[PDB]
Amino acid sequence: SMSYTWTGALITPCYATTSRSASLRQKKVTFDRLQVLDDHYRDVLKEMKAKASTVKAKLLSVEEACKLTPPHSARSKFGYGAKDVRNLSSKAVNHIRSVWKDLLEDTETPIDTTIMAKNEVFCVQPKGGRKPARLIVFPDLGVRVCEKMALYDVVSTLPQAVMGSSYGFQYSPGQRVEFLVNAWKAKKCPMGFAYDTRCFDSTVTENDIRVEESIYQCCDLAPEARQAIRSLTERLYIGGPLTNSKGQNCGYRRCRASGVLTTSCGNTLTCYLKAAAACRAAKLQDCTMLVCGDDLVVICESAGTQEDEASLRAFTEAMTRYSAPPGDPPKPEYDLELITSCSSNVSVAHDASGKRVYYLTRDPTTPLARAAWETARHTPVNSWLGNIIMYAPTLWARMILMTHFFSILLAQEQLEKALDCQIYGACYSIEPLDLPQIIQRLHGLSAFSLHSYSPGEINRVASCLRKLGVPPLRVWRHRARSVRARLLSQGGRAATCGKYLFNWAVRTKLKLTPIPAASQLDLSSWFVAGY
Ligand SMILES: O=C(NC1CC1)c1ccc(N2CCN(S(=O)(=O)c3ccc(OC(F)(F)F)cc3)[C@@H](C(=O)NCc3ccc(OC(F)(F)F)cc3)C2)nn1
Ligand SMILES: O=C(O)/C=C/c1ccc(NC(=O)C2(NC(=O)c3ccc4c(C5CCCCC5)c5n(c4c3)CC(=O)Nc3ccccc3-5)CCCC2)cc1
């Protein structure tokens, strides 16, 4: 089946990515899919369904779903926006009830979807060329609330039950490294790899989507929720008509929509199922998987250099057979630092006590360039804040991002003002003064005392700074001492940031003891819609 069918009415809009590049993206994402399912696929699927049986999901109220709407979610064509929804206005609510009643009445009529080009910031790099704008398909604000009513409890309960430890989103960055490192140590002869699927969303066949539904149907579901899942599957999930920003009929989808509630959850389940089955086809001994949507890391017992090269080809053959071919073929790695997943890679450093600590790190180029864009054109989303949270132990986040933004915030007297940030699915509102507490909860106390980084990691940061015209780490060290000083003078929460966050900047280091606030770390108390 053709992933996409196009009419000719072009993708109209509302370095960066424009709608002018969309034509190239369309070509990459449009293709025929050929699925050849085998007995392993069926066996894994029965195992998964059995684990889903145990889940019981609650149907959310019309009002309950409104308070989970992100404040920046696109407005409805029916005259009401995200604000109107979370304020529980009669226009929003009465219209949402009609959408809900329509899902329970209509079982065939496809739900209309909007095709858009994602405006992302990438780096102006003269190996490879400019990437074309990613495509984003989504239903109306109204349908998006009903999706949450019928499936919010499912998606935020089910994957963890079906996949257990293989489910990526359950982990904090510290917990993810803990998992990866333990699984690598657990093997007597470790050999891992990361499998990148070319255009994941486009490889998701109508059967794949119906297979996910078959899994959601294994929970205890309210009759209404059960019907709504059935209707949302056939009217939205399995495909539908596309409509550009203007209002013209753009084309027809027969794959995954990125702007749906099930996207993340479903992708994880689909990728897990395919990979898990392909592990049996390739006869990969003592397997460990870590699935983060379309992202997949496999750790196992090596069976020899030649044998592993062969087993990896068998894995790929099997994945391709399940309509999930690779971008570039996976190579077996015998060092965990070389395996790249969720754009990041495990690195090592030493804390105060001299103990070797593992941490996740990525190439600073994109985070830095994105932050430099944020600095210029004003945005409601702060990639830098996310990056400071997610990559807190890294040399780059600590020395550049933290130094830069804290000096900016100190100067604007905005340290006490909350900021909206998106970490993968979830949207949070965090005050920078609260960061130490969060960083400790997500990474550990070692996050503030790290030193003795890998020479290569140090050079990756160094060379990257030169390339972007960013002042050297020596400049940053100096700048940090001034921020640290100005923070400690302020006292209270401001002084905690100075003490913990900026300890690396001083010659005369302080004894960093566990934070009095992070002792009773709640989390999800910063949570403002998702997931
Ligand atoms: O799509 C989702 N669900 C659909 C399928 C059903 C979904 C999406 C996100 C999500 N979460 C909760 C767990 N965490 S979390 O880290 O505990 C955290 C908690 C609070 C916080 O904000 C604060 F603290 F400020 F409140 C900030 C972080 C975040 C995360 O994305 N984790 C994965 C991950 C972890 C490490 C990685 O590695 C590297 F670091 F390299 F990226 C890469 C991915 C956010 N949960 N579910
Ligand atoms: O050799 C020595 O001993 C010292 C050398 C030295 C060299 C250059 C400076 N530069 C500066 O002071 C100024 N810019 C900066 O001090 C600066 C700060 C952050 C910058 C960033 C990012 C850093 C991460 C958060 C967002 C801002 C970028 N660029 C930056 C420049 C360079 C830039 O202009 N743009 C980009 C573009 C892409 C990526 C990064 C950048 C301030 C006004 C005049 C220029 C300072 C010291």
# chains A, B, ... in the order shown; residues from 1 in each chain; ligands from 1
>>> residues_around(residues="residue 485 in chain A", least_positions_apart="4", cutoff="8 Å", atoms="only C-alpha atoms", output="list in words")
residues 481, 489 and 498 of chain A
>>> residues_near_ligand(ligand="ligand 2", cutoff="10 Å", atoms="only C-alpha atoms and all ligand atoms", output="PyMOL selection string")
chain A and resi 15+122-124+364-376+384+396-397+399-405+464-476+478-479
>>> closest_atom_pairs(of="chain A", to="ligand 1", cutoff="6 Å", atoms="only C-alpha atoms and all ligand atoms", output="CSV")
residue,atom,partner,partner_atom_place_in_ligand_line,distance
A:155,CA,ligand 1,6 (C),4.6
A:156,CA,ligand 1,6 (C),5.0
A:168,CA,ligand 1,33 (C),5.5
A:169,CA,ligand 1,33 (C),3.8
A:170,CA,ligand 1,13 (C),5.3
A:171,CA,ligand 1,35 (C),5.2
A:172,CA,ligand 1,16 (O),3.3
A:173,CA,ligand 1,36 (C),3.9
A:176,CA,ligand 1,36 (C),5.7
A:264,CA,ligand 1,5 (C),4.6
A:265,CA,ligand 1,5 (C),3.5
A:342,CA,ligand 1,43 (C),5.5
A:344,CA,ligand 1,41 (F),4.7
A:360,CA,ligand 1,41 (F),5.1
A:390,CA,ligand 1,40 (F),4.6
A:391,CA,ligand 1,40 (F),5.7
A:423,CA,ligand 1,31 (O),5.2
A:424,CA,ligand 1,31 (O),4.9
A:425,CA,ligand 1,8 (C),4.0
A:426,CA,ligand 1,9 (C),5.0
A:428,CA,ligand 1,26 (F),5.9
A:430,CA,ligand 1,25 (F),5.9
A:438,CA,ligand 1,24 (F),5.1
A:523,CA,ligand 1,26 (F),5.4
A:524,CA,ligand 1,26 (F),5.8
A:526,CA,ligand 1,26 (F),4.8
A:531,CA,ligand 1,2 (C),4.8
>>> residues_around(residues="residue 440 in chain A", least_positions_apart="2", cutoff="12 Å", atoms="only C-alpha atoms", output="PyMOL selection string")
chain A and resi 172-174+389-390+392-393+434-438+442-449+497+500-501+512-521+523
>>> select_by_dssp(residues="range 413-523 of chain A", states="strand (DSSP E or B)", output="list in words")
residues 419, 420, 421, 422, 423, 426, 427, 428, 429, 430 and 451 of chain A
>>> closest_residue(among="A:410, A:275, A:218, A:381", to="residue 120 in chain A", atoms="only C-alpha atoms")
A:381
>>> residues_around(residues="residue 163 in chain A", least_positions_apart="2", cutoff="9 Å", atoms="only C-alpha atoms", output="PyMOL selection string")
chain A and resi 48+51+158-161+165-167+269+272+291
>>> write_last_selection(atoms="N, CA and C atoms", output="tab-separated table (two decimals), in the first residue's frame")
chain	number	residue	atom	x	y	z
A	48	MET	N	2.79	-10.32	23.94
A	48	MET	CA	2.50	-8.92	24.19
A	48	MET	C	1.05	-8.76	24.64
A	51	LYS	N	0.28	-9.74	28.21
A	51	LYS	CA	0.71	-8.74	29.19
A	51	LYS	C	-0.24	-7.55	29.24
A	158	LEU	N	-0.35	1.19	29.57
A	158	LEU	CA	-0.11	0.00	28.76
A	158	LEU	C	1.33	-0.32	28.38
A	159	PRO	N	2.12	0.59	27.71
A	159	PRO	CA	3.47	0.20	27.27
A	159	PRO	C	4.38	-0.39	28.34
A	160	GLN	N	4.40	0.23	29.51
A	160	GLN	CA	5.17	-0.20	30.67
A	160	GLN	C	4.77	-1.65	31.09
A	161	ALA	N	3.49	-2.03	30.92
A	161	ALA	CA	2.97	-3.36	31.23
A	161	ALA	C	3.35	-4.42	30.19
A	165	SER	N	10.90	-3.37	31.22
A	165	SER	CA	12.19	-2.67	31.27
A	165	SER	C	12.64	-2.17	29.89
A	166	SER	N	12.07	-2.72	28.81
A	166	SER	CA	12.42	-2.32	27.45
A	166	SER	C	11.81	-0.97	27.06
A	167	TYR	N	10.82	-0.50	27.84
A	167	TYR	CA	10.15	0.77	27.58
A	167	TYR	C	11.03	1.96	27.97
A	269	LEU	N	5.43	0.25	20.62
A	269	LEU	CA	4.84	-1.09	20.57
A	269	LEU	C	5.13	-1.79	19.25
A	272	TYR	N	8.95	-2.38	19.02
A	272	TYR	CA	9.26	-3.46	19.94
A	272	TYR	C	8.92	-4.79	19.35
A	291	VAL	N	13.60	0.30	23.66
A	291	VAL	CA	12.77	0.95	22.65
A	291	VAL	C	12.24	2.31	23.11
>>> closest_atom_pairs(of="range 185-244 of chain A", to="range 27-33 of chain A", cutoff="7 Å", atoms="only C-alpha atoms", output="tab-separated table")
residue	atom	partner	partner_atom	distance
A:199	CA	A:29	CA	6.3
A:202	CA	A:29	CA	5.9
A:203	CA	A:33	CA	6.7
>>> closest_residue(among="A:529, A:483, A:136, A:37", to="residue 256 in chain A", atoms="only C-alpha atoms")
A:136
>>> select_by_dssp(residues="range 199-234 of chain A", states="helix (DSSP H, G or I)", output="list in words")
residues 200, 201, 202, 203, 206, 207, 208, 209, 210, 211, 212, 213, 214, 215, 216, 223, 224, 225, 226, 227, 228, 229, 230, 231, 232, 233 and 234 of chain A
>>> residues_around(residues="residue 273 in chain A", least_positions_apart="2", cutoff="9 Å", atoms="only C-alpha atoms", output="PDB file with N, CA and C atoms, in the first residue's frame")
ATOM      1  N   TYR A  41       6.767 -13.287  14.553  1.00  0.00           N
ATOM      2  CA  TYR A  41       5.962 -12.077  14.685  1.00  0.00           C
ATOM      3  C   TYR A  41       4.669 -12.412  15.449  1.00  0.00           C
ATOM      4  N   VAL A  44       5.443 -13.431  19.288  1.00  0.00           N
ATOM      5  CA  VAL A  44       5.799 -12.236  20.077  1.00  0.00           C
ATOM      6  C   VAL A  44       4.517 -11.468  20.369  1.00  0.00           C
ATOM      7  N   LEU A  45       3.656 -11.354  19.350  1.00  0.00           N
ATOM      8  CA  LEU A  45       2.407 -10.630  19.438  1.00  0.00           C
ATOM      9  C   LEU A  45       1.463 -11.244  20.465  1.00  0.00           C
ATOM     10  N   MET A  48       2.789 -10.317  23.936  1.00  0.00           N
ATOM     11  CA  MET A  48       2.497  -8.919  24.194  1.00  0.00           C
ATOM     12  C   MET A  48       1.053  -8.763  24.643  1.00  0.00           C
ATOM     13  N   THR A 268       6.461   2.753  19.651  1.00  0.00           N
ATOM     14  CA  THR A 268       7.191   1.956  20.638  1.00  0.00           C
ATOM     15  C   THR A 268       6.747   0.493  20.562  1.00  0.00           C
ATOM     16  N   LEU A 269       5.428   0.246  20.625  1.00  0.00           N
ATOM     17  CA  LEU A 269       4.839  -1.089  20.570  1.00  0.00           C
ATOM     18  C   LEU A 269       5.132  -1.785  19.249  1.00  0.00           C
ATOM     19  N   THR A 270       4.993  -1.063  18.127  1.00  0.00           N
ATOM     20  CA  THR A 270       5.253  -1.602  16.795  1.00  0.00           C
ATOM     21  C   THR A 270       6.733  -1.939  16.611  1.00  0.00           C
ATOM     22  N   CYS A 271       7.618  -0.992  16.949  1.00  0.00           N
ATOM     23  CA  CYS A 271       9.052  -1.203  16.867  1.00  0.00           C
ATOM     24  C   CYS A 271       9.452  -2.360  17.773  1.00  0.00           C
ATOM     25  N   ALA A 275      11.261  -5.681  16.194  1.00  0.00           N
ATOM     26  CA  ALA A 275      12.617  -5.956  16.676  1.00  0.00           C
ATOM     27  C   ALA A 275      12.714  -7.247  17.471  1.00  0.00           C
ATOM     28  N   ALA A 276      11.794  -7.430  18.440  1.00  0.00           N
ATOM     29  CA  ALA A 276      11.690  -8.581  19.333  1.00  0.00           C
ATOM     30  C   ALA A 276      11.539  -9.871  18.534  1.00  0.00           C
ATOM     31  N   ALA A 277      10.723  -9.836  17.457  1.00  0.00           N
ATOM     32  CA  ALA A 277      10.514 -10.967  16.541  1.00  0.00           C
ATOM     33  C   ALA A 277      11.738 -11.200  15.665  1.00  0.00           C
ATOM     34  N   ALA A 278      12.371 -10.098  15.189  1.00  0.00           N
ATOM     35  CA  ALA A 278      13.566 -10.144  14.352  1.00  0.00           C
ATOM     36  C   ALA A 278      14.776 -10.671  15.143  1.00  0.00           C
TER      37      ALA A 278
END
>>> residues_around(residues="range 107-113 of chain A", least_positions_apart="3", cutoff="8 Å", atoms="only C-alpha atoms", output="ChimeraX atom specification")
/A:103-104,137-140,230-231,234-236,240-243
>>> residues_around(residues="residue 348 in chain A", least_positions_apart="5", cutoff="12 Å", atoms="only C-alpha atoms", output="MDAnalysis selection string")
chainID A and resid 177 181 336:337 354:361 393:395 446:447 450:458
>>> write_last_selection(atoms="N, CA, C and O atoms", output="short mmCIF file (atom, residue, chain, number, x, y, z; two decimals), in the first residue's frame")
data_model
loop_
_atom_site.label_atom_id
_atom_site.label_comp_id
_atom_site.auth_asym_id
_atom_site.auth_seq_id
_atom_site.Cartn_x
_atom_site.Cartn_y
_atom_site.Cartn_z
N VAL A 177 21.04 5.43 31.58
CA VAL A 177 22.45 5.00 31.66
C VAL A 177 22.58 3.80 32.57
O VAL A 177 23.26 2.86 32.18
N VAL A 181 24.24 0.43 31.02
CA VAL A 181 25.49 0.00 31.65
C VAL A 181 25.32 -1.35 32.33
O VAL A 181 26.14 -2.24 32.10
N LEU A 336 30.29 0.08 24.34
CA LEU A 336 29.00 0.73 24.62
C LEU A 336 29.01 2.26 24.33
O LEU A 336 27.95 2.84 24.04
N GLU A 337 30.20 2.88 24.37
CA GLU A 337 30.34 4.31 24.09
C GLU A 337 30.05 4.65 22.62
O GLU A 337 29.69 5.80 22.30
N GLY A 354 36.27 10.31 43.12
CA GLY A 354 37.15 9.64 42.16
C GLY A 354 36.49 8.47 41.45
O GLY A 354 37.07 7.93 40.49
N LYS A 355 35.28 8.08 41.90
CA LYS A 355 34.46 6.99 41.34
C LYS A 355 34.08 7.32 39.89
O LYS A 355 33.65 8.45 39.60
N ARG A 356 34.28 6.34 38.98
CA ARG A 356 33.94 6.52 37.56
C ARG A 356 32.42 6.48 37.39
O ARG A 356 31.77 5.57 37.91
N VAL A 357 31.84 7.55 36.81
CA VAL A 357 30.41 7.67 36.58
C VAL A 357 30.08 7.74 35.09
O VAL A 357 30.78 8.41 34.32
N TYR A 358 29.01 7.04 34.69
CA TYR A 358 28.56 7.03 33.30
C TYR A 358 27.46 8.06 33.10
O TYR A 358 26.68 8.33 34.02
N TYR A 359 27.42 8.67 31.92
CA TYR A 359 26.42 9.67 31.59
C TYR A 359 26.12 9.68 30.11
O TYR A 359 26.93 9.20 29.31
N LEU A 360 24.93 10.20 29.73
CA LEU A 360 24.53 10.28 28.34
C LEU A 360 24.93 11.62 27.80
O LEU A 360 24.73 12.63 28.47
N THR A 361 25.49 11.65 26.59
CA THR A 361 25.91 12.90 25.95
C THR A 361 25.66 12.87 24.44
O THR A 361 25.66 11.80 23.85
N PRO A 393 24.84 16.50 33.22
CA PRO A 393 26.24 16.14 33.55
C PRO A 393 27.30 16.53 32.52
O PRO A 393 28.46 16.69 32.90
N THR A 394 26.91 16.62 31.22
CA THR A 394 27.82 16.94 30.11
C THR A 394 28.60 18.23 30.31
O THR A 394 28.10 19.19 30.91
N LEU A 395 29.83 18.25 29.75
CA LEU A 395 30.74 19.39 29.76
C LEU A 395 30.05 20.62 29.13
O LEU A 395 29.96 21.65 29.78
N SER A 446 26.33 13.43 41.76
CA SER A 446 27.52 13.32 40.94
C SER A 446 27.46 14.34 39.79
O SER A 446 28.50 14.85 39.38
N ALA A 447 26.24 14.67 39.32
CA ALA A 447 25.99 15.64 38.25
C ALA A 447 26.67 16.98 38.49
O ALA A 447 27.09 17.62 37.52
N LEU A 450 31.13 16.31 38.70
CA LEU A 450 31.85 15.66 37.61
C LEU A 450 33.04 16.47 37.13
O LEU A 450 33.02 17.71 37.17
N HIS A 451 34.09 15.74 36.71
CA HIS A 451 35.37 16.22 36.18
C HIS A 451 36.06 15.05 35.51
O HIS A 451 35.57 13.92 35.61
N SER A 452 37.23 15.28 34.90
CA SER A 452 38.03 14.26 34.22
C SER A 452 37.23 13.59 33.11
O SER A 452 37.01 12.38 33.11
N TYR A 453 36.74 14.42 32.19
CA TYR A 453 35.93 13.96 31.06
C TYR A 453 36.85 13.30 30.04
O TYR A 453 38.06 13.53 30.07
N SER A 454 36.28 12.49 29.13
CA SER A 454 37.04 11.84 28.07
C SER A 454 37.74 12.90 27.20
O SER A 454 37.09 13.90 26.84
N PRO A 455 39.04 12.72 26.84
CA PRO A 455 39.71 13.70 25.96
C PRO A 455 38.93 13.96 24.67
O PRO A 455 38.81 15.11 24.26
N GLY A 456 38.37 12.90 24.08
CA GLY A 456 37.57 12.97 22.86
C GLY A 456 36.34 13.83 23.01
O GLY A 456 36.06 14.66 22.13
N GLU A 457 35.59 13.64 24.15
CA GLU A 457 34.38 14.41 24.49
C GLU A 457 34.80 15.87 24.62
O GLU A 457 34.17 16.73 24.00
N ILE A 458 35.90 16.12 25.36
CA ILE A 458 36.44 17.48 25.53
C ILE A 458 36.73 18.11 24.15
O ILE A 458 36.35 19.26 23.91
#
>>> closest_residue(among="A:422, A:262, A:343, A:5", to="residue 153 in chain A", atoms="only C-alpha atoms")
A:262
>>> atom_distance(atom1="CA of residue 388 in chain A", atom2="CA of residue 353 in chain A")
23.8 Å
>>> atom_distance(atom1="CA of residue 249 in chain A", atom2="CA of residue 106 in chain A")
22.0 Å
